[PDB]
Structures are given as C-alpha cells and as structure tokens.
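**Student:** Got a structure here, written out as structure tokens. Questions coming.
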RNA sequence: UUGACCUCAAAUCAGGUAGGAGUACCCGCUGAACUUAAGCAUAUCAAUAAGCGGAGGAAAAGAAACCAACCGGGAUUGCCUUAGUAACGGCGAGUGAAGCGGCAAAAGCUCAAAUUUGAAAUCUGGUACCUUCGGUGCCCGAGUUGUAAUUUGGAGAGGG
RNA sequence: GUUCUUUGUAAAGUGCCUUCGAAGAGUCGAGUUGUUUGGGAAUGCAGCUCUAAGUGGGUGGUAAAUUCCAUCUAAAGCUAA
RNA sequence: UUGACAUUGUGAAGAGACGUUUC
Ligand SMILES: [Mg+2]
Ligand SMILES: [Mg+2]
Ligand SMILES: [Mg+2]
Ligand SMILES: [Mg+2]
Ligand SMILES: [Mg+2]
Ligand SMILES: [Mg+2]
Ligand SMILES: [Mg+2]
Ligand SMILES: [Mg+2]
Ligand SMILES: [Mg+2]
Ligand SMILES: [Mg+2]
Ligand SMILES: [Mg+2]
Ligand SMILES: [Mg+2]
Ligand SMILES: [Mg+2]
Ligand SMILES: [Mg+2]
Ligand SMILES: [Mg+2]
Ligand SMILES: [Mg+2]
Ligand SMILES: [Mg+2]
Ligand SMILES: [Mg+2]
Ligand SMILES: [Mg+2]
Ligand SMILES: [Mg+2]
Ligand SMILES: [Mg+2]
Ligand SMILES: [Mg+2]
Ligand SMILES: [Mg+2]
Ligand SMILES: [Mg+2]
Ligand SMILES: [Mg+2]
Ligand SMILES: [Mg+2]
Ligand SMILES: [Mg+2]
Ligand SMILES: [Mg+2]
Ligand SMILES: [Mg+2]
Ligand SMILES: [Mg+2]
Ligand SMILES: [Mg+2]
Ligand SMILES: [Mg+2]
Ligand SMILES: [Mg+2]
Ligand SMILES: [Mg+2]
Ligand SMILES: [Mg+2]
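Pasting the structure below:
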C-alpha cells in the first residue's frame, strides 16, 4: 500500500500518488439490514429447531463444545461453517437458560 | 521408428486433422468486406466518427506496466470530475466503464484531461434538424492519441549516496524471507514472561 | 412483503411445519399423473423469483421424474468392447433430472415456451418439479415488452438445447479458469483448438 | 518443384530407390517413438541422453513472464542512448550533466556486467543489476537508480 | 383458515402477535372475497375506521 | 332452498399453436471399435464415426460470484501470439490449455426482493365506431395466493 | 424536406443534508460414486447421502489448522457486430 | 446376495446408552 519504489522485497512496487476510490455497495453484499434481521428472527420461533440442530445443542451442554463442533463439521461440510453454527446454538441455549 | 541424429519432433497429427483445416483463401476478399462495411457504416453515422473516445490506462503485470494502453471506459469518477453524467456521456463519443476504479491520481488527472480536451474539440449538434454540416472525421483515436509520460529528463546530476544498489536489493530480499520467522521468535519474546 | 417470509420459511425444510407439509404434499403429487397442469405455483415466492408473473399466458406444470443413475440400456450387460467401457451400473446422466423434467413438460406443451423450473418435493423414487411456461401467441405476452423476447423463433424449445437455467448449469457455462473447456461451448471450443489455420503466406 | 526431384530420375529402375532385399515396407520398427527403452535404445542414449524419467520440481499454473526480466550488459548500455545524442555525452564526461538511461523503458529488466564501458558517468535506472555491473558504473563516475 | 398453500399465511398470527396486532382466523377465503368485490381475498384488515 | 369459492372435467364451444422436412455451419444428449503403443489391458484413436433431441441466418457466449498480485486490468466472439509451452501420461506411446500483449468488431442492460394503499393505477377477449400491423368507448373476464409505475448493486430508496 | 396530428401541468437530469439501503436454498458447500479434463490430495458434469450463511458467500491451479490480504457478488433474464 | 443410508411415521413391554434418549 505504501510502495517502496524498488522492484523486489517486502512491499515492492513503483511509487504512485494514490487515490482511494468510492466504495462499492456490491462489497456490502451479505449486509444484514433490519429487514432480514427481523424476518429471520420471526421464522426461527415459528418454524423451530431442526433435527441436527436439536442434537447439536445437546452435545453442547453435555460432551463439551468440542465434540459438538466435530459433528457439526461433518454434518455441514466445513469447519468454519460448523463453528459459526455451534456459536448460533450457544445463543439459543443462552436464551432458554437465562431468559 | 527412431534413427539418425535429429531432434525429437512432436507433431500432433494422429486425429483426423483434415476434417478441420481452415485455409484463409478469403483473407483478400474479406479485407474488402471489412472495408466496404466500414465505409457504409461511416455513412449513416452521419458526421460521427466510427470509434469511441477511450481512456489512458496503465496496463497490468510486471511485464507490461511500463507502457500505457487505451482502456475500455472512463470510470464514473472521471466522468463527473469532467462535469457531466455518464448516462449522457455515452450518447456523445465517450466510452464509460462502471467497473474499473482510480487508485492512481496521475492517470485520473491525465484522463479527466482527455475528457475536457475532447469536449472542447467536438461540436455536439442540436436536437432538431438543421446544423452547420461539418466534414466527417473517422477516428477519435487518431485525433486524440495516447502517449507515454515523461519519467525523466535527458540529463541530471550524478548523486551517489554511497549505498550499493546490489546490496540494497539483497538486503531487501532477505528482509522478505525471514520476516515471518522473525514474526515468530518475537511472539515467543512476549511468551517469554515470568 | 409476504414473500420475504416465504423465502426464509422455505429454507427450513427439516422443520415440523415443513416436514408435515412436504409429507402430505409428496403423497398428493404422486397420486396425480406423472405430468399435470398446476392450479397455481405452490411456491408463489419462487415462481415469481424466476420470472413468473400471475397473468394470462403464464402456465405452471408439475412433473414426476424417476430419480437415480442411468442404467446403460445395453442388452444383457454386454458392452462388446474394452474393459473401460464395460461399465453398466454406476453411470450418471450428464444432464440434471430437472432438465429431464423441463424437457418432458415442454413436449406436452409444445405450444408454450419453457421459461424455468424449480424443485418442490422428492422421495426415494421421484424428484418433483414445477415448471413455468409462457404462451408466445397469447397477446398478453406478445405486447409485453419485458417478455416478448420469448416469442422469437430463436427460443423454440430452449430447454432441449440447454438454454434454460439448469441447461446452462450442466452445460458448464460460466466465466473463469474452472471452465476453460465448456464455456464458449465444450464441443465448439474443442473444434477450435483442433483446427489447422494456414494463411496464404504461410507462417 | 517436382521437375528437380529424385523420383524423376528413378523412373524405370525397379523398386524406386528402396532396394530389393529390404523393401520399403509399411513402418518396420514401429510408428513414431516406439520402443525407446527397447530396440531403439542405442539411438536414444547418445543423441538424446536425459530423455527418460523425471527431474526437478513441478509447478502448477506457471505463468511465464512473471519472470520477465530481460538482460542487458554494460557491453552495450550506450546503445540505449540515441546515436547523435551520444557523442555529446561521450566527451562532456560530466558528473553534473550526466545522461539518464531508463533501461526498463528500453524493455530490459536487469543490467549485467559483461564487458567494459568508458570512464563516462551514466545515471542508470533499472530493476536489478549485477553486483559487478553497478561496480563498473560506479567506477566510471555513474550511479544506479533502482526503479520499478 | 383455508389458504393453499398454507405457507402464505402461517407466519401471520405470529407476525401479528409480535406487533400486538389483533387478529382473527375468520372462516372463509371466499367470504373475504365478497368483502372486497372479488372471488377470494385471503386476508382483509381495516386500519382507520370513521370515529 | 339460494348464491359464491376451491379443485377437476366436458363440448365439432371462440380463436390460436406443435408435429413433418432440411441439417454444410449451430445448442445438447448418447457413444464405439478399427488403429497407435512394434505384444497388451491404462492410455491412444476420441470427449471422433454411428444413434437421439432442438434452433437459426447465423447459432451459441455476453455486461464478471472474471482476469490478475500490476503503477493493475474490465461483457462476449474471433484472428496473431502465448506454445507444442505449464501440465496430464504403463512420466510409455502419446496428449496438452490459460493469463497478459497486438488486432477485427464494439453496446449495453432488467427482473425477484419495497405500502399504489389517498384510490389495480395493469391485461386478454367480445362489441360498437375510426384514420385498421392499431386508437377510443362500453361489457365480460383476468388479477390482491399481486397486474401497473418506481428500484437492479454501476446502485438506489424516503424524507429536508 | 414537407404536413396532419397531440402531447403540460408531466416526464427527466444535476448540487448539498439526513436516514435507510429489501440483493435468488434441496441451493452454495461437503462426503462418496461414475464420467471427463492439461487441472496434478481431485477441471467441469451427474447420481445418492449431508446440507449452510449474512461484517455472508465465491474465487486466489498442493491437502490441513490458524491469522491476514486481494478480488468479484452465484443459485433469475435480454442483447446487435 | 448381504449391510448401511434414503423412502420412514405414531404407542408400548424389556435388556441396555448417561424424565429426555439411541438398542
Ligand atoms: Mg471457406
Ligand atoms: Mg472500431
Ligand atoms: Mg435410475
Ligand atoms: Mg431459462
Ligand atoms: Mg540412376
Ligand atoms: Mg540401378
Ligand atoms: Mg521390389
Ligand atoms: Mg533380410
Ligand atoms: Mg539400439
Ligand atoms: Mg554481448
Ligand atoms: Mg372450436
Ligand atoms: Mg422437428
Ligand atoms: Mg461398444
Ligand atoms: Mg484409421
Ligand atoms: Mg497395437
Ligand atoms: Mg504392429
Ligand atoms: Mg493384437
Ligand atoms: Mg454423428
Ligand atoms: Mg441431430
Ligand atoms: Mg430458417
Ligand atoms: Mg453475420
Ligand atoms: Mg442469440
Ligand atoms: Mg453486474
Ligand atoms: Mg475480457
Ligand atoms: Mg515401456
Ligand atoms: Mg484427450
Ligand atoms: Mg488484448
Ligand atoms: Mg415492476
Ligand atoms: Mg434523494
Ligand atoms: Mg428517477
Ligand atoms: Mg444474485
Ligand atoms: Mg459420457
Ligand atoms: Mg472427478
Ligand atoms: Mg459456479
Ligand atoms: Mg441468452
């Protein structure tokens, strides 16, 4: 970003007086918004939990947050996707406990 | 079979290649078409000039960024900075490009410069019928060439700050290599605490 | 906007409200014919999303297709050939069942043009699809500048050529390095790099 | 042109040029590179050592001219400066009105040290130079300006 | 009480509920149609009402 | 007992549409072996022949879920080149592209998701009149399980 | 280049302020199978099984955990040369 | 031909896994 003007090394590149271009809304693609934030809430308490979700929280308050994650990674196909789901559980679990 | 002292050839003809031979016998007569249809385009385009006004653009890759190249369009930043709308700019002789941004002032400034210099050099005819005729100029690109900038003068002063340029590169490279390693040995300096 | 709710409700296919719905509907759809005319898009939020519009000239069909691999229709297993091509039982169709769905309704309604389709249910034996069609000689569309494009002859049986949405999927049209063959069109791009170009003054 | 061809000379002699005992049959020994490791081995070793087996590292999706770094030797260098303009700088021999040569603009990517140049200062701008190339420049009253 | 598909309307009592909104699952999707000079109307709800 | 609605039917109902042919070139499906490897099964021939479905005057692709790692580039197609190269391969026979660069041609876009809610503002048809590739009025129907208008990410929307 | 028409109080563009900014699911993705590709711990395609998310998702030609960076905005569509 | 998963749902006896729950 702050280019050294030399053609190799730890930030190589010719020096250019820079601009910083107007930000694209496309880069805000997955952006939340109160709209969806609301509807997705309302569908949750209407539709309810799903099968694997029901066992997911079960592994949580039992055989650790660990073992639950490994299942969740197998079940959803990605580690990252699993952690983000296991997290979502803990917040549901949070609600049930301390209301 | 194999014999004699010859190079090993690799001629891919084991596949019914003759079903697919394209012999450009029409190279000649197609030039005539490509003309005759440029000619008759140039007509009904009234006095307009066949081609759009196109930007300067630096050209990508370490191989090629030394040169400068006509880009596709003008950004939206350059068009408003030229004091006109993109939507209207298209209807004149100008090419716009909504994807493609400015992170280099010296290409921006020199591109808004083209836009200004272009307007000033064309006459946009009024919306009714009657006009001041004007002859027909065919190329915008001939008229507004793109040239490569100035980088330096014919001569200057020798200035030797003593640093060898080789070694500057060497140390520069070593820097890269171990930065990660060093990023580690340091982390364990924080972790080396009581 | 009741749609945004449906879009997000439809996502919870393992919820009892939806399990129950799916369970009762896949039975109903089975007792009807393999192909039948549908009253109105069971997924109004979905038909819509794919370009369907509730008016005179938009038709919705539902269709059962049989699910699984393609058993090589060779007589008694006999391949008569090398051992590579001796396969029979693990061979997968290069198109998608949804393409088989689109194609089958489109021949029954050959007076309509196929716009798109979407899943609605499946079971061990069938995948279920609702297909959205459009009548190219019904004036409601012929005068509609948004959809008159499909009246053109160039879109005749577009689903049998893979110009539909599943059609462009299986045909592997997409930009990028992951699609070097299949993009400009598999075969066409093959014929390209397999053609010998000789100019008049040979190079 | 066929008129000059040997096969014109051969008409009327049986068997073309190809012999009576040994014919001109339809691929003795196999098509193309067949039996390289076998009956065509004596030719493959000698005339083509190294032909068989792997060697070195693989490189997926390699892009030539990521390595675009064409070379230039001091051996020339002064070619980069326009002829007529050259004489002028040659005698002026000054550290104060020294000529500038943008090698990267000339299309090069590294200066190498082959050969000798005259004691005249030159401002050489480039990416990468050899430890020896810049040594000679520096010793002729010039310097090296690293660019990109 | 008779909308097919039901998914059009299931989330309503709970949409109402969250907002306070009084609701009723009246009988008749064809009765609500008559109520707006049509054939069927699914839903119907007044907001203003003269005093 | 009366009138709606949903679904499903029937008519030589009112008007339409499909088939079949051609297939050099085009979009898919399906799919060999002869052959090459001096044998041969992987591989090769070949993602080819044959077989099937569907278009046009071109077809398809097309305004990036792209290329790049640059000072960045900017829909698609094509030619020159990349290059017989990176890579695949009993790493054998053999196969084998992409990015940049020059050129030809150039063109950009619209839906879904939004309360018109102070006015379904939209549309097929029948029917009368006219200036008939249609306009206007009337009537039935379609449509709120959403037809119009505004908005499509480059944005844009509501208010000042 | 002529002349009927018949459009207006209606359509559009631009400047600052502010608040919002809805963006496609049995999909993306993952496993496994077959097929294909120069694509090599897997290039595309398909079958079954699993099946998301919203500071998300995809890609970044060596698999994995972790931290950053970069680049576009999929699962709907039209379009001459 | 055998096993898993899918089609697959509701109530119990049990021996079992630490009033839910897989046999
Ligand atoms: Mg020809
Ligand atoms: Mg041109
Ligand atoms: Mg089957
Ligand atoms: Mg389609
Ligand atoms: Mg003789
Ligand atoms: Mg003789
Ligand atoms: Mg003889
Ligand atoms: Mg002999
Ligand atoms: Mg030998
Ligand atoms: Mg030399
Ligand atoms: Mg009739
Ligand atoms: Mg036909
Ligand atoms: Mg066979
Ligand atoms: Mg042959
Ligand atoms: Mg053989
Ligand atoms: Mg032989
Ligand atoms: Mg044999
Ligand atoms: Mg054939
Ligand atoms: Mg055919
Ligand atoms: Mg025709
Ligand atoms: Mg043409
Ligand atoms: Mg087309
Ligand atoms: Mg876009
Ligand atoms: Mg491009
Ligand atoms: Mg061998
Ligand atoms: Mg091949
Ligand atoms: Mg180019
Ligand atoms: Mg609209
Ligand atoms: Mg505003
Ligand atoms: Mg506006
Ligand atoms: Mg999208
Ligand atoms: Mg196949
Ligand atoms: Mg594979
Ligand atoms: Mg994709
Ligand atoms: Mg298209």
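Chains as they are written, first to last, in full-length UniProt numbering: chain A, 2 to 100; chain B, 2 to 195; chain C, 2 to 204; chain D, 2 to 149; chain E, 155 to 205. We put the beta carbon where it would ideally sit given N, CA and C, even for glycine.
#1: Assuming the contact rule is C-beta atoms closer than 8 Å, residue 170 of chain C and residue 97 of chain C should be a hit. Round their C-beta distance to whole Å, please.
#2: Return the chain-ordered list of same chain residues with a C-beta closer than 6 Å to the C-beta of residue 81 of chain D, the five sequence neighbours on each side being excluded.
#3: Closer than 8 Å, CB to CB, is residue 157 of chain B near chain A or not?
#4: What span of residues does the alpha helix (DSSP H) with residue 10 of chain D cover, start to end?
#5: Please report the residue range of the beta strand (DSSP E) in which residue 100 of chain D lies.
#6: Should residue 176 of chain B and residue 50 of chain A be called a contact, given that it needs their Cβ atoms to be closer than 8 Å?
#7: Consider the Cβ of residue 6 of chain A: report whether some Cβ of chain D lies at a distance smaller than 8 Å.
#8: Closer than 8 Å, CB to CB, is residue 26 of chain A near chain E or not?
#9: Hey, is residue 55 of chain C's beta-carbon within less than 8 Å of any beta-carbon in chain E?
#10: Below 8 Å, how does it come out for the region 139-151 of chain C and the region 70-89 of chain C: are there three or more Cβ pairs, yes or no?
#11: What distance in whole Å lies between the Cβ atoms of residue 25 of chain B and residue 92 of chain C, which are believed to be in contact at a cut-off of 8 Å?
#12: Indicate whether residue 66 of chain C and residue 128 of chain C have their beta-carbon atoms separated by less than 8 Å.
#13: Determine which residues of the region 68-89 of chain B have a Cβ less than 9 Å from any Cβ of chain A, and write them out in chain order.
#14: How long is the line joining the alpha carbons of residue 3 of chain A and residue 50 of chain D, rounded to whole angstroms?
#15: Please go through the same chain and pick out, in chain order, the residues whose beta-carbon is closer than 7 Å to the beta-carbon of residue 135 of chain B, but skip the five residues on each side of it.
#16: State the Cα-Cα distance for the pair residue 1 of chain C and residue 136 of chain C, rounded to the nearest angstrom.
#17: For the region 123-138 of chain D, list every residue whose C-beta sits within 9 Å of some C-beta in chain A, in sequence order.
#18: Confirm the yes/no value for this check: CB of residue 19 of chain D, any heavy atom of ligand 5, distance under 7 Å.
#19: Just list the residues that DSSP pairs residue 120 of chain C with in beta bridges.
#20: With distances taken from CA atoms, which of B/12, B/39 and B/53 is nearest residue 120 of chain B?
#21: Can you pull the chain D residues whose beta carbon is under 9 Å from the beta carbon of residue 10 of chain A, in chain order?
#22: Since residue 130 of chain D and residue 112 of chain D should fall inside the 8 Å C-beta cutoff, what is the C-beta to C-beta distance between them, to a whole number of angstroms?
#23: Could you have a look at residue 115 of chain B and say whether DSSP puts it in helix, strand or coil?
#24: Measuring from the CB of residue 24 of chain D, is there a heavy atom of ligand 7 at a distance below 7 Å?
#25: Given this structure, state the Cα-to-Cα distance separating residue 143 of chain D from residue 94 of chain D, to the nearest angstrom.
#26: Would DSSP call residue 121 of chain D helix, strand or coil?
#27: Using a C-beta to C-beta distance shorter than 7 Å, which residues of chain A count as neighbours of residue 162 of chain B?
#28: Measure from the C-beta of residue 17 of chain A to each C-beta in chain B and report whether the shortest distance is under 8 Å.
#29: For ligand 13, list every residue whose C-beta falls under 7 Å from any of its heavy atoms, going in chain order.
#30: For residue 97 of chain A, is the classification buried or exposed, using 16 other Cβ atoms within 10 angstroms of its Cβ as the cut-off for buried?
#31: Just reading off the beta strand (DSSP E) that residue 74 of chain D is part of, what are its end residues?
#32: Please confirm if residue 162 of chain E has its CB atom under 8 Å from at least one CB of chain A.
#33: Verify the CB distance criterion: does residue 15 of chain C have a CB-CB separation below 8 Å to chain A?
#34: Only counting runs of 4 or more residues, tell me where the alpha helix (DSSP H) segments fall wholly within the region 127-192 of chain C, in order along the chain.
#35: Per the DSSP calculation, residue 52 of chain D is bridged to which residue(s)?
#36: Leaving out five residues on either side along the sequence, give the residues of the same chain with a beta carbon under 7 Å from the beta carbon of residue 122 of chain C.
**Tutor:** Taking the geometry as given:
#1: Here residue 170 of chain C corresponds to residue number 169 of the third chain, with the count starting at 1. Here residue 97 of chain C corresponds to residue number 96 of the third chain, with the count starting at 1. Taking C-beta atoms under 8 Å as the contact rule, residue 170 of chain C and residue 97 of chain C qualify, at a distance of about 7 Å.
#2: Here residue 81 of chain D corresponds to residue number 80 of the fourth chain, with the count starting at 1. For residue 81 of chain D, same chain residues with a beta-carbon under 6 Å away, outside a window of 5 residues either side, are 102 and 107 in chain order.
#3: For the purposes of this step, residue 157 of chain B is identified with residue 156 of the second chain, where counting begins at 1. Taking Cβ atoms only, chain A never reaches closer than 8 Å to residue 157 of chain B, which makes this a no.
#4: Against the fourth chain, residue 10 of chain D aligns to sequence position 9. Following the DSSP letters along the chain, one finds residue 10 of chain D inside the alpha helix (DSSP H) bounded by residues 7-11.
#5: On the fourth chain, position 99 is the one that residue 100 of chain D refers to. Element bounds for residue 100 of chain D: 99-103.
#6: Working through the second chain from its first residue, we reach residue 176 of chain B at position 175. Working through the first chain from its first residue, we reach residue 50 of chain A at position 49. Taking 8 Å as the Cβ cut-off, residue 176 of chain B and residue 50 of chain A do not qualify as a contacting pair.
#7: Here residue 6 of chain A refers to the residue found at position 5 of the first chain. Taking Cβ atoms only, chain D reaches closer than 8 Å to residue 6 of chain A, which makes this a yes.
#8: Residue 26 of chain A sits at position 25 when you count from the first residue of the first chain. Cβ-Cβ to chain E under 8 Å: no for residue 26 of chain A.
#9: Looking up residue 55 of chain C in the third chain gives position 54. Residue contact check for residue 55 of chain C against chain E: no CB pair falls below 8 Å.
#10: They do not touch, by the three-pair rule.
#11: Counting from 1 along the third chain, the entry for residue 92 of chain C is found at position 91. Counting from 1 along the second chain, the entry for residue 25 of chain B is found at position 24. Contact doesn't hold; Cβ gap of about 43 Å is too wide.
#12: Here the question's residue 66 of chain C lines up with position 65 in the third chain. Here the question's residue 128 of chain C lines up with position 127 in the third chain. A contact, by the Cβ cut-off of 8 Å.
#13: Listed by position along the chain: 76, 77 and 78.
#14: Here residue 3 of chain A refers to the residue found at position 2 when the first chain is read from its first residue. Here residue 50 of chain D refers to the residue found at position 49 when the fourth chain is read from its first residue. Rounded to the nearest angstrom, the gap between the Cα atoms of residue 3 of chain A and residue 50 of chain D is 51 Å.
#15: By 1-based counting over the second chain, the position of residue 135 of chain B is 134. Once the five neighbours on either side are set aside, the close Cβ partners of residue 135 of chain B are 48 and 124.
#16: Summary: the structure shown does not reach residue 1 of chain C, with chain C confined to residues 2 through 204, and so no result is reported for it.
#17: Closer than 9 Å at the C-beta level to chain A, one finds these residues of the region 123-138 of chain D: 127, 128 and 129.
#18: The sequence position of residue 19 of chain D within the fourth chain is 18, counting from 1. For residue 19 of chain D, the shortest C-beta to heavy atom distance toward ligand 5 is 7 Å or greater.
#19: Numbered from 1 along the third chain, position 119 holds the residue referred to as residue 120 of chain C. DSSP lists C/130 as partners of residue 120 of chain C.
#20: Taking the first residue of the second chain as 1, we reach residue 120 of chain B at position 119. Ranking B/12, B/39 and B/53 by CA distance to the CA of residue 120 of chain B puts B/53 first.
#21: Translated into positions along the first chain, residue 10 of chain A becomes position 9. Residues of chain D whose Cβ lies closer than 9 Å to the Cβ of residue 10 of chain A do not exist; the shortest such Cβ separation is about 10 Å.
#22: Here residue 130 of chain D corresponds to residue number 129 of the fourth chain, with the count starting at 1. Here residue 112 of chain D corresponds to residue number 111 of the fourth chain, with the count starting at 1. Correct: roughly 4 Å between the Cβ atoms.
#23: On the second chain, residue 115 of chain B is found 114 positions in, with the first residue counted as 1. The answer is helix: DSSP assigns residue 115 of chain B an H, G or I state.
#24: Locating residue 24 of chain D in the fourth chain gives position 23, where the first residue counts as 1. Under cutoff, so the answer is yes.
#25: Taking the first residue of the fourth chain as 1, we reach residue 143 of chain D at position 142. Taking the first residue of the fourth chain as 1, we reach residue 94 of chain D at position 93. Spanning the two alpha carbons is a distance of roughly 10 Å.
#26: To locate residue 121 of chain D, count along the fourth chain from 1; it is residue 120. Correct three-state label for residue 121 of chain D: coil.
#27: Translated into positions along the second chain, residue 162 of chain B becomes position 161. Ordered by position in chain A, no residue passes the 7 Å Cβ test against residue 162 of chain B, which lies about 14 Å from the chain.
#28: Counting from one through the first chain, the residue named residue 17 of chain A turns up at place 16. Taking Cβ atoms only, chain B reaches closer than 8 Å to residue 17 of chain A, which makes this a yes.
#29: After applying the 7 Å Cβ criterion, the set is C/80, C/81, C/82 and C/86.
#30: For the purposes of this step, residue 97 of chain A is taken as residue 96 along the first chain, with counting starting at 1. A residue is called buried once 16 or more other Cβ atoms fall within 10 Å of its Cβ, and residue 97 of chain A, having fewer, is exposed.
#31: One-based indexing of the fourth chain puts residue 74 of chain D at position 73. Run containing residue 74 of chain D: 72-74, per the beta strand (DSSP E) assignment.
#32: As a working note, residue 162 of chain E is residue 8 in the fifth chain. Not an interface residue.
#33: The residue you call residue 15 of chain C lines up with position 14 of the third chain. At a cut-off of 8 Å between beta-carbon atoms, residue 15 of chain C makes contact with chain A.
#34: As summarised for the region 127-192 of chain C, the continuous alpha helix (DSSP H) elements at least 4 residues long and confined to that stretch are 140-143 and 166-171, given in chain order.
#35: For this step, residue 52 of chain D is matched to residue 51 along the fourth chain. Looking at the DSSP output, residue 52 of chain D bridges to nothing.
#36: As a first step, residue 122 of chain C must be located in the third chain, where it is residue number 121. Excluding residues within five positions, the ones whose Cβ falls inside 7 Å are 23, 26, 27, 30 and 129.
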